[PDB]
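Every position in the first sequence, counted from 1, becomes a number in the deposited numbering once 414 is added.
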Amino acid sequence: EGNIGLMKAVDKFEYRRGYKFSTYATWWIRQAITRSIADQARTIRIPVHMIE
DNA sequence: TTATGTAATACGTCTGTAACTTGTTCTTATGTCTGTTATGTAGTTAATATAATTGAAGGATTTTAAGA
C-alpha cells in the first residue's frame, strides 16, 4: 500500500517548490497505509468516518 | 226415496319466511411519489525522516527422499 502511495506521490511531484521528495512522499504513504488499514483490516467493514 | 244440510277430508293457495344475489356506498389498508437529512465515499496535506519481528523451547520413535 505504501508502494502505491509512492507511485501516486511521484505522479504529482513538483521540484520548483524546492522541498525534498521525502517530505511529500511521506504524507501520501501515510494516507495509503491509513486508508488501506481502515478499508481491509476488519471482517465487517466499518466506514472511514466511523473509523475516525 | 230423495232433497237437504251438516261434517270429515283432501287439495289448492295466499301469504309470510327465508335463501340467493346484486348495487352501491363508505371506509381503510397499501403502494407509490416526493422532499429532506444523514451516511458513505473520495482527494489532499510540502522542515526531514530511507533493510521487521516476536517468540520458543525435557519427544520418541519410525519411514522416506536428498546430499555426498
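For every residue, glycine included, the Cβ atom is placed at its ideal position computed from N, Cα and C.
Indicate the three-state DSSP secondary structure (helix, strand or coil) for residue i in the structure shown.
| i | result |
| --- | --- |
| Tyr-429 | coil |
Hey, could you find the ends of the alpha helix (DSSP H) residue i is sitting in?
| i | result |
| --- | --- |
| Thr-437 | 435-454 |
| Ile-458 | It is not in any alpha helix (DSSP H) - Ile-458 carries neither H nor E in the DSSP assignment. |
Compare the Cα-Cα distances from residue i to each of the options and report the closest residue.
| i | options | result |
| --- | --- | --- |
| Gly-419 | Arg-430, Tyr-429, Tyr-438, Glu-428 | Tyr-438 |
| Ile-465 | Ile-447, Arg-444, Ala-452 | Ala-452 |
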